[PDB]
Amino acid sequence: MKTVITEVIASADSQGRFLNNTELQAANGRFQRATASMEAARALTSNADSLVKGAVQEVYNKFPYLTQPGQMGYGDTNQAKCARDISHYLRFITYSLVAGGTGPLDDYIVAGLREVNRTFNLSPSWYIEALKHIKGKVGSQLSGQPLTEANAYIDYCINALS
Amino acid sequence: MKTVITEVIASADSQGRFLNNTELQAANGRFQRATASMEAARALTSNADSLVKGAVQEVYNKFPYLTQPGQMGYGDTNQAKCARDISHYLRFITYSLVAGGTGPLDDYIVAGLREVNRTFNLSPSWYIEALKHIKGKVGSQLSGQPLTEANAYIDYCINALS
Amino acid sequence: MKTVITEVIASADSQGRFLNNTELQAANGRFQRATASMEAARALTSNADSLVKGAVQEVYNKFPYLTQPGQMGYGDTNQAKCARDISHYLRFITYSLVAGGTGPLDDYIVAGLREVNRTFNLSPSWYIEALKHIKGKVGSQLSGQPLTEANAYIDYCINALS
Amino acid sequence: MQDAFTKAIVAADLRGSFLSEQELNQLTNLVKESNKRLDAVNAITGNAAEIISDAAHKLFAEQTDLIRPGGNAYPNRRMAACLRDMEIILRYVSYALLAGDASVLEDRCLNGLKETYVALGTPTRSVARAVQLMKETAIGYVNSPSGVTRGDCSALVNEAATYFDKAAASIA
Amino acid sequence: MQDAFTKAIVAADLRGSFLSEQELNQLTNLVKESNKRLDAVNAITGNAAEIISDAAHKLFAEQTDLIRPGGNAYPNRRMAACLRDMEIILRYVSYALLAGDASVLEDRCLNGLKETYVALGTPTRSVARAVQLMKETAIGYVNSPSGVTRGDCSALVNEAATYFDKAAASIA
Amino acid sequence: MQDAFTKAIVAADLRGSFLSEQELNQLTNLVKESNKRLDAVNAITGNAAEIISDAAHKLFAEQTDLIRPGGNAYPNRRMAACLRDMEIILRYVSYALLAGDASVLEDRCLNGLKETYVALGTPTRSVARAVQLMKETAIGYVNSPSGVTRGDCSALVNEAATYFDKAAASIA
Amino acid sequence: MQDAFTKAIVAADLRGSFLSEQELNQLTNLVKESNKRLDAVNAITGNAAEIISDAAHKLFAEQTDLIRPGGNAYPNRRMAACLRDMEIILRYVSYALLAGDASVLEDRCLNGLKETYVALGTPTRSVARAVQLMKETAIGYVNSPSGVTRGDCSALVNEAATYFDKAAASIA
Amino acid sequence: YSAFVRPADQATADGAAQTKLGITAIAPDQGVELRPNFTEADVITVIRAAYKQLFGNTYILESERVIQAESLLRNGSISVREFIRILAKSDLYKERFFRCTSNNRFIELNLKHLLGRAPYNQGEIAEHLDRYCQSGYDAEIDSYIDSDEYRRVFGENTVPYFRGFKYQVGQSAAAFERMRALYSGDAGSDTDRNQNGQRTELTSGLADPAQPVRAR
Ligand SMILES: *[C@H](C)[C@H]1/C(=C/c2[nH]c(/C=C3N=C(/C=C4\NC(=O)C(CC)=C4C)C(C)=C\3CCC(=O)O)c(CCC(=O)O)c2C)NC(=O)[C@@H]1C
Ligand SMILES: *[C@H](C)[C@H]1/C(=C/c2[nH]c(/C=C3N=C(/C=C4\NC(=O)C(CC)=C4C)C(C)=C\3CCC(=O)O)c(CCC(=O)O)c2C)NC(=O)[C@@H]1C
Ligand SMILES: *[C@H](C)[C@H]1/C(=C/c2[nH]c(/C=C3N=C(/C=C4\NC(=O)C(CC)=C4C)C(C)=C\3CCC(=O)O)c(CCC(=O)O)c2C)NC(=O)[C@@H]1C
Ligand SMILES: *[C@H](C)[C@H]1/C(=C/c2[nH]c(/C=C3N=C(/C=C4\NC(=O)C(CC)=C4C)C(C)=C\3CCC(=O)O)c(CCC(=O)O)c2C)NC(=O)[C@@H]1C
Ligand SMILES: *[C@H](C)[C@H]1/C(=C/c2[nH]c(/C=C3N=C(/C=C4\NC(=O)C(CC)=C4C)C(C)=C\3CCC(=O)O)c(CCC(=O)O)c2C)NC(=O)[C@@H]1C
Ligand SMILES: *[C@H](C)[C@H]1/C(=C/c2[nH]c(/C=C3N=C(/C=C4\NC(=O)C(CC)=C4C)C(C)=C\3CCC(=O)O)c(CCC(=O)O)c2C)NC(=O)[C@@H]1C
Ligand SMILES: *[C@H](C)[C@H]1/C(=C/c2[nH]c(/C=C3N=C(/C=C4\NC(=O)C(CC)=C4C)C(C)=C\3CCC(=O)O)c(CCC(=O)O)c2C)NC(=O)[C@@H]1C
Ligand SMILES: *[C@H](C)[C@H]1/C(=C/c2[nH]c(/C=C3N=C(/C=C4\NC(=O)C(CC)=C4C)C(C)=C\3CCC(=O)O)c(CCC(=O)O)c2C)NC(=O)[C@@H]1C
Ligand SMILES: *[C@H](C)[C@H]1/C(=C/c2[nH]c(/C=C3N=C(/C=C4\NC(=O)C(CC)=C4C)C(C)=C\3CCC(=O)O)c(CCC(=O)O)c2C)NC(=O)[C@@H]1C
Ligand SMILES: *[C@H](C)[C@H]1/C(=C/c2[nH]c(/C=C3N=C(/C=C4\NC(=O)C(CC)=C4C)C(C)=C\3CCC(=O)O)c(CCC(=O)O)c2C)NC(=O)[C@@H]1C
Ligand SMILES: *[C@H](C)[C@H]1/C(=C/c2[nH]c(/C=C3N=C(/C=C4\NC(=O)C(CC)=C4C)C(C)=C\3CCC(=O)O)c(CCC(=O)O)c2C)NC(=O)[C@@H]1C
C-alpha cells in the first residue's frame with residue numbers, strides 16, 4: 001500500500017541503503033500535513049449518510065431514465081447496491097486522508113476498476129456525478145487546508161474513473 | 001495482420017522450417033471457406049447504407065434520451081459521426097470476410113478500442129445495439145454458411161466491445 | 001506433437017484469446033482432407049510387409065558391397081535390423097497421415113536422427129533409397145489426393161534424412 | 001500437447017504396431033462429426049462474454065458474502081481476478097472440446113489449481129460452483145443455436161459436460 | 001506481414017471505401033487458382049534438399065575460386081554459411097509464393113542483405129548467380145510433376161520466377 | 001507492505017466500517033510522537049557503522065572459535081559475510097522503527113532466515129547473540145543523544161527493543 | 001572445485017598448521033608421476049568417440065529391450081540422450097583423472113544424477129552397466145598404447161577404475 | 001605472544017557449507033560478456049551458455065537449436081538480450097517447458113531461467129498472472145528481459161546467470177530456501193520430458209507463510 005512512509009522505506013530498501021536525512025524530511029512532511037487531513041476525515045465520517053443520500057439522489061435527477069422499469073436504477077435491490085457502492089467510495093476516501101497516501105484508494109477501488117465496471121455495465125459517469133455532488137457539499141462543511149486535502153482525494157478518483 | 005495464410009507462414013518462419021504438409025492443410029481450409037465468405041461480403045456491401053440507417057435509428061429508439069438537447073445523440077454533427085462510425089464497423093467486417101481472418105478487425109477496430117471510447121465517453125452499449133440490429137437484418141438476406149460467417153465476425157466485435 | 005489442431009490451439013493459447021473464426025477455418029481444412037489421408041493410411045498399412053521386403057532388397061542392389069562379409073549389410077542380424085528400421089519409418093508415416101500433421105514423424109524419427117546415425121555409422125543414403133523405392137510402389141496402389149498426401153510425408157523424411 | 005488423434009497414435013506406438021482397423025473407425029467417425037463439433041465450439045466463442053457475465057450474476061446472488069467486506073471477491077481487485085479466472089477455465093474447456101481430449105485442459109489449467117486456491121485462501125467450493133454455473137449456461141447456447149442445420153448434438157454436449165466436470169472436480 | 005488479400009484491403013482502406021466489385025473479382029479468381037498455387041509450393045518444399053544440393057554443385061563448378069583458399073566459400077565454416085544462406089532465400093521465396101506477394105520475402109529476407117554481404121566482403125554477384133541457378137532447377141520441378149491432374153501452371157510459374165528475380169536483383 | 005496507519009485501516013476495512021473515533025485517537029497521538037520517533041531513527045542511522053563495529057568486537061571476544069581456523073567467521077570471505085549480515089538485520093530493524101510496525105522486518109528480513117542459517121551450517125545461536133549485542137549498543141545512542149530537546153523516549157526505546165527481539169527469536 | 005593439491009592444503013588448514021614434511025612428500029611423488037598421469041588422460045581423449053561407440057554396441061546387444069518400443073532408449077530422441085549421457089560421464093571421469101581427485105566428478109557430474117534418472121524412469125541399473133562397459137574399453141587403451149616409453153601405469157589404471165566405479169555406484 | 005591458533009571445533013571450512021547445500025559452484029557465477037570483435041568460438045561459448053541458462057539444462061539437439069538466431073550474432077545487429085528474446089519466443093520453449101507446466105510453473109521457471117532469483121513474493125508472481133490474459137504471452141516474457149533488474153545486471157551483451165544462491169538485494173525471505181528447491185543438482189536439470197509431468201517445486205501453498213521443502 002502506497003503511503004509517504006511506505007514509499008521512502010521502499011526506495012531506501014531498493015537501493016539497499018539506510019534511511020538517511022533525505023527521507024526523514026519527506027516523512028516529516030506527511031506528519032505535519034496529517035493534522036489537516038485528520039480533521040477532514042472526522043468531518044466526512046460524521047456527515048457520511050447525508051452525503052450518500054444526496055449523491056444517490058442527484059444521480060437519478062441527472063439520469064432520469066435510470067429509475068424507469070427495465071433499467072439499472074430501477075428496483076430497490078439496485079438502489080441499495082448504488083447506495084452501498086458510494087458509501088464504499090467515501091469510506092476509502094476517509095481512509096486515504098488518514099493513511100496520508102492514495103494507497104487505500106488504489107488497492108480497493110482503482111485497481112481492476114475498468115473491468116468490473118465493463119462486465120457489469122456500470123457507467124463510470126454515474127459514480128462521477130455522485131462524487132461531484134459530494135465535492136460540492138464538502139465545499140461547505142470544510143475550509144482551508146482540510147478542504148484542499150478532501151478535494152485532492154475526491155478528484156483523484158474522478159480521474160481514475162474517467 | 002492475422003489471416004490463416006499469414007499465420008502459417010509466420011509460424012513456419014519462426015521455426016526456420018519449410019512449409020510442410022501441416023500448414024498447407026490449414027491453408028486449404030481457408031480459400032475453401034472463402035467462397036461462402038465472399039458471397040456474404042457482396043451481400044453486406046450492397047445493402048450497406050440501408051443497414052446503417054436502420055442501425056443508427058434503432059439506437060435512438062433504444063436510448064430515447066440521446067436525442068434530447070445537451071446529450072450526445074443530439075445535433076446533426078453527432079448524428080453524422082454516429083453514422084460514419086457504424087459504416088466503419090461494417091466496412092471492416094466486410095474486409096475481414098474477404099481476408100479470411102479477424103486481422104483487419106483487430107488492428108483497426110479492436111486494439112485501443114477501450115481508451116478511445118473512455119476518453120470520448122462513447123458507451124460501448126450503443127455500438128452493440130447497432131450491431132445486433134444489423135445481425136437481425138443480415139439474418140434475412142443471407143442463409144447457410146454465408147450467414148454463419150457473417151455472424152461470427154459481427155459477434156467477434158460484440159465480444160470485443162463488451 | 002505438431003498437428004493442425006494442436007497448432008491453432010497453441011497459437012490461440014499464446015495470444016491468450018478464444019478460438020475465433022480464423023483458426024476454425026484452418027481446423028476445417030484438416031478435417032476435410034482427412035478422408036483422403038485416412039484412405040492412404042489404409043493402403044500403406046495393408047501392403048506394409050511387401051513394401052518393406054522390396055525396399056530392403058533394393059538397397060542391396062543399389063549398394064552391392066554391403067552384403068559382402070565384414071560389411072554392415074552382412075549377416076542376418078543386420079538384415080533383420082535393416083528391416084525393422086524401415087518398418088518403423090513406414091509405421092510412423094501412417095501415423096502422420098492419420099494425425100494430420102508431421103508431428104509423429106518429427107518426434108520419433110527426426111529429432112536426434114543425425115547423431116544416432118553418426119554414432120552407429122548408418123549412412124542416410126541407404127534409408128533414402130528404401131523410401132524412394134517405396135514411393136515408386138505407392139505410386140501404383142494410390143491415386144489423386146490420397147497419393148499426393150502419401151508422397152508429402154514420405155518426402156518430408158527424405159528431406160530430413162538428407 | 002495432445003488430442004484425440006495423436007493420443008491413439010501414441011498408444012499404438014507402445015504396442016509397437018500399426019493402427020488397428022477398429023481404432024481407425026473411432027477416428028473415421030470422429031471426422032464425420034467434425035462439422036457438429038466445430039459449431040459447438042463456435043457457439044461458445046460467440047457467446048463467451050455473456051456466458052461469464054451470466055454465471056457471475058448468479059454466483060453472487062447465491063453467495064452474497066463473497067462480495068461483502070471480508071469475503072474473497074471483495075474488493076474490486078479481487079473481484080477482477082475472480083472474473084478473469086472463470087474466463088480462463090472456459091477458454092481451456094473450449095480448447096479441449098475442439099481437440100477431442102481433456103489433456104490440454106488438465107495440463108495447462110487444472111494441474112496445481114486446487115493448491116493455488118488453497119494457498120490464497122480462495123474457497124475451492126465456490127470456484128467449483130461457478131464452473132458448473134458456467135457449464136449450464138454454455139450448454140444452453142451449444143444446444144439451441146440459430147441458422148444451423150437441425151440435428152442431434154447430444155454426443156458432443158455430454159463430452160462438453162465431462163470437461164466442465166473434470167474442472168469442477170480437480171478444483172474442488 | 002502481408003499477402004495478396006490483406007494488400008487489396010489496405011489499399012481500399014485508405015480510399016475509405018468498401019471493396020470495388022472489380023477488385024473482388026481479382027480475389028475471387030485468385031481463390032480458384034489456389035489448388036494450383038498450393039501444388040506449386042508443395043513441389044518446391046518436397047524437392048527442397050535437392051534444389052539446393054544441385055544449385056551448389058553448379059555454382060562451385062563455375063566459380064572455382066570461391067572454394068579455393070582466400071575465396072569466400074573457404075574454409076568449411078564459411079562454406080556452411082553459404083549453403084545455409086541459399087536455403088534461407090529459397091525458404092522465403094516459397095513463403096511468398098503461397099502468400100501471393102513479394103513482401104514477406106523482401107522484408108524479412110532481402111532488405112539490407114546486399115549491404116551485409118558488402119560489409120563481409122562476400123561477392124554479391126556470385127550470390128545472385130546462385131539464386132538463379134536455384135530458380136531454374138526449382139521451376140524444373142514445379143513444372144514437370146507426376147500424379148497431379150494435368151493443366152496449365154504458367155501463370156504461377158512466372159510469378160515464381162519474379163520472386164526469384166526480386167531476390168537476385170536486390171542482392172546484386 | 002504495511003505500517004501503523006495502513007494496518008489500522010485494514011482492520012477497519014474487514015469490519016466494513018468507518019474508523020472508530022477511539023481508533024483515530026490512537027493515530028492522532030501517534031502523530032504527536034512523530035518528532036521523537038524520527039530522532040530515534042536518526043540516531044541509529046547516524047551511528048550505524050559504529051553500532052556494528054562495536055557489536056562485532058564484543059561478539060568475537062566472547063566466541064573466540066568463530067574467528068579461529070575452521071570456525072564459521074573464518075576465513076576473511078566468511079567474516080565479511082557475517083558482518084554484512086549483521087548490518088542488514090540492523091537496516092531492517094531501523095525501517096520497522098520508522099514504519100511503527102514489525103511487518104516490513106518480518107517479511108523481507110526474518111522469514112526463513114533461520115532455515116538459511118541452518119542450511120549453511122552457520123550456528124543460529126551466535127547470530128542471535130550478535131543481534132542482541134547490537135540492540136544494546138543501538139539503544140545506547142537512541143537514548144543518550146546531543147542537542148536534542150530533553151524528554152521521555154522510553155515508549156520508542158521499548159518498541160525498538162521488541163523489533164530487535166523478534167529478530168533474535170526468529171533467527172534463534 | 002578441488003584437486004589433489006588443493007585438497008591436501010584444505011585439510012592442513014583446518015588443523016591450522018603448515019604442511020607436514022611427510023605430506024609434501026605425497027605431493028612431491030605425485031608430481032613425478034605426472035608424465036604417466038598425463039599420457040593416461042591423453043589415451044582416453046584420443047580414443048573417446050570409439051570407447052563410447054563400442055560400449056553402446058555391447059550395451060544394446062545385451063539389453064535388447066532398451067531399443068524396443070516401450071523401452072527407455074527408444075525412440076531416436078531418447079537414444080540420443082543415452083549416448084550423450086555416456087559421453088558426459090566419461091568426460092568428467094577424464095577430468096577427475098587429471099585432477100587426481102574424485103570431487104570434480106562427484107559434484108558436477110554425479111550430483112543429483114540418480115534422482116534425475118529416477119524422475120525420467122530410466123533404469124539406473126542399465127546406466128551403471130554402461131558405465132562399466134565403458135570402463136573396461138577405456139582401460140584397454142590406457143594400458144596398451146603405442147610409441148609411449150614402456151613402464152608401469154597400474155597405479156593410475158586402478159585410480160581410473162575407482163572413478164568409473166564411484167560413477168557406477170552413485171548412479172545405481 | 002602466545003600465537004595459539006588451533007584447529008577449532010566445527011572445522012567447517014570454506015567449501016563444506018556449499019557442498020552441504022550441494023550448489024557445487026552453481027551459486028558462484030562468472031558472467032560472460034560479448035565483444036564487438038569476438039572469435040566465433042567466443043560466440044559459440046555464449047550460445048552454449050545462453051541455452052543452458054534459459055533452458056532447463058535440458059538436452060538440446062542440433063535440430064532444436066534455431067540457426068537464424070545463431071546467425072546474426074556473428075553479424076551483429078542483434079543485442080544478446082535480444083538474442084535471448086528470440087529464444088523463448090521460440091516455439092521450442094513454448095511447446096516444451098511452457099505447455100505441460102501450469103501458468104505458475106513457467107513463471108517461476110522463467111524467473112529462474114532468465115534471472116537467478118526465485119520469486120520473493122506471491123504478489124509479483126500474481127502480476128505476471130494478470131498479464132497472461134491481459135496481454136499476449138510474448139509480451140510477458142518480453143517484460144522480464146525488459147524489466148529493470150534484468151537490465152541492471154547482465155543488462156546488455158551478457159548471458160543471464162543464476163545469481164540466486166548468493167546475497168542479492170531486496171530478497172524478501174526464503175531466497176535460499178526457494179532457490180534450494182528450484183535448483184536440483186548441477187548434473188540434474190529440469191526436464192521437458194519427465195514422469196509425473198512437471199509440477200512447481202515451490203509449494204503453491206507457500207510463497208507467503210513458510211519456507212519450502214523439496215527433494216534434492
Ligand atoms: C449507482 C451509481 C448505480 C448502481 C450500481 C450497481 N452496482 C452493481 C454491481 C456492482 N457494483 C460494484 C461496485 C463495487 N462493489 C465493490 O465491492 C466495490 C469496491 C469496494 C465497488 C465500487 C460491483 C463490484 C458490482 C458487481 C457485483 C455486485 O453484485 O456488487 C449493480 C448490480 C448490477 C448487476 O448486474 O449485478 C448495480 C445496479 N445501482 C443503481 O441503481 C445505479 C445506476
Ligand atoms: C453512435 C452510436 C453515437 C455517436 C458516435 C460518436 N462518435 C464520436 C467520436 C468518435 N467516434 C470515433 C470512432 C471511431 N473513429 C475511428 O477512427 C474508429 C476506428 C476505425 C472508430 C470506431 C472516434 C475516433 C471519435 C473521436 C472524435 C471523432 O469524431 O473522430 C462522437 C463525438 C464525441 C465528441 O464529443 O467528440 C459521437 C457523438 N453519435 C451519436 O449521436 C451516438 C450517441
Ligand atoms: C538398413 C538400411 C541397414 C541396416 C540397419 C542397421 N541398423 C542398425 C542399428 C540401429 N538402427 C536403428 C534405428 C532405429 N531405432 C529406433 O528406435 C528408430 C526410430 C524409431 C530407428 C530408425 C537404431 C536406433 C540402431 C542403433 C542401435 C541398435 O543396435 O539397433 C544396425 C546395427 C549397427 C551396429 O553396429 O550395431 C544396422 C546394421 N543393416 C543393413 O544391413 C543396412 C546397411
Ligand atoms: C472466482 C470464480 C473465485 C475466486 C478467484 C480468485 N483467484 C485468485 C487468485 C489466483 N487464482 C489463480 C489462478 C490460476 N493459477 C494458474 O496457474 C491458473 C491456470 C493456468 C489459474 C487460472 C492464481 C495463480 C492466483 C494467484 C494470483 C492472483 O492473485 O491472481 C484470487 C485472489 C486471491 C487473493 O486473496 O488476492 C481470487 C479472488 N475467488 C472467489 O472469490 C471466487 C470463488
Ligand atoms: C450442434 C451443437 C448443433 C448443430 C450443429 C450442426 N452443424 C451441422 C453442419 C455444419 N455446420 C457447419 C459449420 C462449420 N463448418 C466449418 O468448417 C466451420 C468453420 C469454418 C463452421 C462454422 C458446416 C459447414 C456444416 C455442414 C453444412 C451444414 O450446415 O449443413 C449439423 C448437421 C450435421 C452434419 O453436418 O454432419 C449440425 C447438427 N445443429 C443442431 O441442431 C445443434 C443444436
Ligand atoms: C552463398 C550463396 C554465398 C555466400 C554467403 C555467405 N554468407 C555468409 C554470412 C552470412 N550470410 C547471411 C545471410 C543471412 N542471414 C540471415 O539471417 C538472413 C535472412 C534473415 C540472411 C539472408 C548472414 C546474415 C551472414 C552473416 C554471418 C554468418 O556467419 O552467416 C558467409 C560467411 C561470412 C563470413 O565471413 O563468416 C558467406 C560465405 N558467400 C559465398 O561465398 C557465396 C557466394
Ligand atoms: C501446377 C504447378 C502443376 C499442377 C497443379 C495442379 N493442381 C490441380 C488441382 C489440385 N491440386 C490439389 C492439391 C492440393 N490441394 C490442397 O489443398 C493441398 C494441400 C493440402 C494440395 C497439395 C488439389 C486438391 C487439386 C484439385 C483436384 C485434384 O485432384 O488435383 C490442377 C488442376 C486444376 C485445378 O485447379 O483443379 C493442376 C494443374 N499440375 C500440373 O499440370 C502442373 C505441372
Ligand atoms: C554472523 C552474525 C554469523 C554468521 C553468518 C553468516 N552468514 C553467511 C552467509 C549468508 N548469510 C545469508 C543470509 C541472508 N540472506 C538474506 O536474505 C538475509 C537478509 C534477510 C541475510 C542476512 C546468505 C544469503 C548467505 C550466503 C551467501 C553469502 O555468503 O553471501 C555466512 C558465510 C558462510 C557461507 O559459507 O556462506 C556467515 C558466516 N556466521 C558467523 O560467523 C556469525 C556467528
Ligand atoms: C528521543 C530518543 C530523544 C529525544 C527526542 C525529542 N525530539 C523532540 C523534538 C523534535 N525533534 C525533532 C527532529 C526532527 N523533526 C523532523 O521533522 C526531523 C526530520 C528532518 C527531525 C530529525 C524536531 C523538529 C523536534 C521539534 C523541536 C525539538 O527539537 O524539540 C522532542 C520534544 C518532544 C516532542 O517532540 O514531542 C524530544 C523529546 N529527546 C530525548 O529525550 C532523546 C534525546
Ligand atoms: C601409462 C598409462 C603408459 C605409459 C606412460 C608413460 N609415459 C612416460 C613418460 C612421458 N609421458 C609424457 C607425456 C606427456 N607429458 C606432457 O607434458 C604431455 C602433454 C603435452 C604428455 C602427453 C612425457 C613428456 C614423458 C617423458 C618422456 C617419455 O615419453 O618417456 C613414461 C615413462 C616414465 C615416466 O615417469 O615418465 C611412461 C611409462 N607407458 C606405458 O607403457 C603405459 C601403458
Ligand atoms: C544411457 C546410457 C542410458 C540413458 C540415458 C538417458 N538420459 C535421459 C535424460 C536425461 N539425462 C540427463 C542427465 C544429465 N544432465 C546433465 O547435465 C548431465 C551431465 C552433467 C547428465 C548426464 C538429464 C537431465 C535428462 C533429462 C533431459 C530432458 O528432460 O530432456 C534419457 C531420456 C529420458 C527423458 O524422458 O528425457 C535417457 C534415455 N537411459 C537409458 O535408457 C540408457 C540405459
# chains A, B, ... in the order shown; residues from 1 in each chain; ligands from 1
>>> residues_around(residues="stretch 79-86 of chain F", least_positions_apart="3", cutoff="9 Å", atoms="only C-alpha atoms", output="list in words")
residues 52, 53, 56, 66, 67, 72, 73, 74, 75, 76, 89, 90, 91, 127, 130, 131 and 134 of chain F
>>> write_last_selection(atoms="N, CA and C atoms", output="short mmCIF file (atom, residue, chain, number, x, y, z; two decimals), in the first residue's frame")
data_model
loop_
_atom_site.label_atom_id
_atom_site.label_comp_id
_atom_site.auth_asym_id
_atom_site.auth_seq_id
_atom_site.Cartn_x
_atom_site.Cartn_y
_atom_site.Cartn_z
N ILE F 52 27.54 -1.52 14.67
CA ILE F 52 28.07 -2.78 14.17
C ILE F 52 29.49 -2.97 14.69
N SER F 53 30.42 -2.15 14.20
CA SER F 53 31.82 -2.31 14.57
C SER F 53 31.88 -2.82 16.01
N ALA F 56 30.42 -6.38 16.86
CA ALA F 56 31.36 -7.37 16.35
C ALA F 56 32.46 -7.63 17.37
N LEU F 66 34.84 -18.59 16.56
CA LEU F 66 34.26 -18.14 15.31
C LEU F 66 35.39 -17.67 14.40
N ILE F 67 36.39 -17.02 15.01
CA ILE F 67 37.49 -16.40 14.30
C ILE F 67 38.69 -17.34 14.20
N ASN F 72 33.22 -20.45 11.98
CA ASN F 72 32.30 -20.02 10.95
C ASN F 72 32.66 -18.63 10.41
N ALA F 73 33.30 -17.77 11.21
CA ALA F 73 33.65 -16.43 10.77
C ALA F 73 34.97 -16.43 9.99
N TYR F 74 35.72 -17.52 10.08
CA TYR F 74 36.96 -17.69 9.34
C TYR F 74 36.67 -18.33 7.99
N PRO F 75 37.41 -18.06 6.89
CA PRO F 75 38.42 -17.00 6.80
C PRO F 75 37.81 -15.66 6.45
N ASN F 76 38.62 -14.74 5.92
CA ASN F 76 38.16 -13.40 5.57
C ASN F 76 36.79 -13.47 4.89
N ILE F 89 20.31 -6.91 8.99
CA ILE F 89 19.34 -7.04 10.06
C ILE F 89 19.07 -5.65 10.64
N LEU F 90 20.16 -4.97 11.02
CA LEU F 90 20.04 -3.64 11.58
C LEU F 90 19.19 -2.78 10.66
N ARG F 91 19.65 -2.64 9.41
CA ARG F 91 18.97 -1.84 8.42
C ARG F 91 17.47 -2.04 8.55
N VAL F 127 24.42 -15.95 15.81
CA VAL F 127 23.78 -14.87 15.08
C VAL F 127 22.90 -14.10 16.07
N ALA F 130 24.70 -11.84 18.41
CA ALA F 130 25.11 -10.61 17.74
C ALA F 130 23.97 -9.61 17.73
N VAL F 131 22.78 -10.05 17.29
CA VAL F 131 21.61 -9.18 17.23
C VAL F 131 21.47 -8.43 18.55
N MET F 134 24.17 -5.86 19.25
CA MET F 134 23.73 -4.69 18.50
C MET F 134 22.68 -3.95 19.32
#
>>> residues_around(residues="residue F:105", least_positions_apart="6", cutoff="10 Å", atoms="only C-alpha atoms", output="VMD selection string")
(chain F and resid 89 to 97 99 111 163 to 164 166 to 167) or (chain H and resid 172)
>>> residues_around(residues="residue B:109", least_positions_apart="5", cutoff="12 Å", atoms="only C-alpha atoms", output="MDAnalysis selection string")
chainID B and resid 85:86 88:93 95:96 102:104 114:117 127 156:158 160:161
>>> residues_around(residues="stretch 149-155 of chain G", least_positions_apart="3", cutoff="10 Å", atoms="only C-alpha atoms", output="PDB file with N, CA and C atoms, in the first residue's frame")
ATOM      1  N   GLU G  33      54.974 -38.609 -11.072  1.00  0.00           N
ATOM      2  CA  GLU G  33      54.117 -39.462 -11.883  1.00  0.00           C
ATOM      3  C   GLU G  33      53.420 -38.677 -12.988  1.00  0.00           C
ATOM      4  N   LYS G  36      53.296 -39.882 -16.581  1.00  0.00           N
ATOM      5  CA  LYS G  36      52.438 -41.052 -16.691  1.00  0.00           C
ATOM      6  C   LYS G  36      50.988 -40.571 -16.670  1.00  0.00           C
ATOM      7  N   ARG G  37      50.587 -39.938 -15.558  1.00  0.00           N
ATOM      8  CA  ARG G  37      49.235 -39.422 -15.420  1.00  0.00           C
ATOM      9  C   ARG G  37      48.764 -38.852 -16.755  1.00  0.00           C
ATOM     10  N   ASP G  39      49.740 -39.003 -19.989  1.00  0.00           N
ATOM     11  CA  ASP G  39      49.554 -39.939 -21.085  1.00  0.00           C
ATOM     12  C   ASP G  39      48.249 -40.705 -20.918  1.00  0.00           C
ATOM     13  N   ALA G  40      47.987 -41.168 -19.689  1.00  0.00           N
ATOM     14  CA  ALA G  40      46.746 -41.864 -19.401  1.00  0.00           C
ATOM     15  C   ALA G  40      45.585 -41.052 -19.971  1.00  0.00           C
ATOM     16  N   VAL G 142      44.217 -47.026 -22.208  1.00  0.00           N
ATOM     17  CA  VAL G 142      45.134 -46.503 -21.207  1.00  0.00           C
ATOM     18  C   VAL G 142      46.347 -47.424 -21.115  1.00  0.00           C
ATOM     19  N   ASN G 143      46.102 -48.742 -21.162  1.00  0.00           N
ATOM     20  CA  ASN G 143      47.073 -49.709 -20.676  1.00  0.00           C
ATOM     21  C   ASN G 143      47.914 -50.312 -21.805  1.00  0.00           C
ATOM     22  N   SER G 144      47.559 -50.050 -23.074  1.00  0.00           N
ATOM     23  CA  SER G 144      48.192 -50.729 -24.198  1.00  0.00           C
ATOM     24  C   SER G 144      48.635 -49.754 -25.288  1.00  0.00           C
ATOM     25  N   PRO G 145      49.150 -48.541 -24.968  1.00  0.00           N
ATOM     26  CA  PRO G 145      49.405 -47.543 -26.007  1.00  0.00           C
ATOM     27  C   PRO G 145      50.648 -47.855 -26.841  1.00  0.00           C
ATOM     28  N   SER G 146      50.871 -46.991 -27.838  1.00  0.00           N
ATOM     29  CA  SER G 146      51.866 -47.205 -28.882  1.00  0.00           C
ATOM     30  C   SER G 146      52.754 -45.970 -28.982  1.00  0.00           C
ATOM     31  N   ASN G 158      44.295 -48.163 -11.698  1.00  0.00           N
ATOM     32  CA  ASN G 158      43.375 -48.522 -10.627  1.00  0.00           C
ATOM     33  C   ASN G 158      42.541 -47.309 -10.220  1.00  0.00           C
ATOM     34  N   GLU G 159      43.226 -46.181  -9.996  1.00  0.00           N
ATOM     35  CA  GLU G 159      42.583 -44.915  -9.678  1.00  0.00           C
ATOM     36  C   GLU G 159      41.514 -44.605 -10.725  1.00  0.00           C
ATOM     37  N   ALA G 160      41.865 -44.742 -12.013  1.00  0.00           N
ATOM     38  CA  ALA G 160      40.888 -44.627 -13.086  1.00  0.00           C
ATOM     39  C   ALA G 160      39.678 -45.483 -12.738  1.00  0.00           C
TER      40      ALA G 160
END
>>> residues_near_ligand(ligand="ligand 2", cutoff="9 Å", atoms="only C-alpha atoms and all ligand atoms", output="number ranges by chain")
B: 55-56, 59-60, 63, 66-67, 71-86, 88-89, 92, 108-110, 113, 116-117, 119-130
>>> closest_residue(among="D:19, D:165, D:106, D:41", to="chain B", atoms="only C-alpha atoms")
D:41
>>> atom_distance(atom1="atom CA of residue G:128", atom2="atom CA of residue G:168")
4.6 Å
>>> interface_residues(of="chain D", to="chain G", cutoff="10 Å", atoms="only C-alpha atoms", output="VMD selection string")
chain D and resid 13 to 17
>>> interface_residues(of="chain E", to="chain H", cutoff="12 Å", atoms="only C-alpha atoms", output="number ranges by chain")
E: 77-78, 80-82, 84-85, 87-88, 108-109, 112-113, 115-117, 119-120
>>> atom_distance(atom1="atom CA of residue G:135", atom2="atom CA of residue G:51")
8.7 Å
>>> interface_residues(of="chain D", to="chain C", cutoff="6 Å", atoms="only C-alpha atoms", output="ChimeraX atom specification")
/D:1,5-6,18,91
>>> write_last_selection(atoms="C-alpha atoms", output="short mmCIF file (atom, residue, chain, number, x, y, z; two decimals), in the first residue's frame")
data_model
loop_
_atom_site.label_atom_id
_atom_site.label_comp_id
_atom_site.auth_asym_id
_atom_site.auth_seq_id
_atom_site.Cartn_x
_atom_site.Cartn_y
_atom_site.Cartn_z
CA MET D 1 0.28 -31.19 -26.35
CA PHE D 5 -5.79 -38.46 -32.94
CA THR D 6 -2.29 -38.01 -31.55
CA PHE D 18 0.27 -50.28 -36.97
CA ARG D 91 -11.13 -20.76 -22.62
#
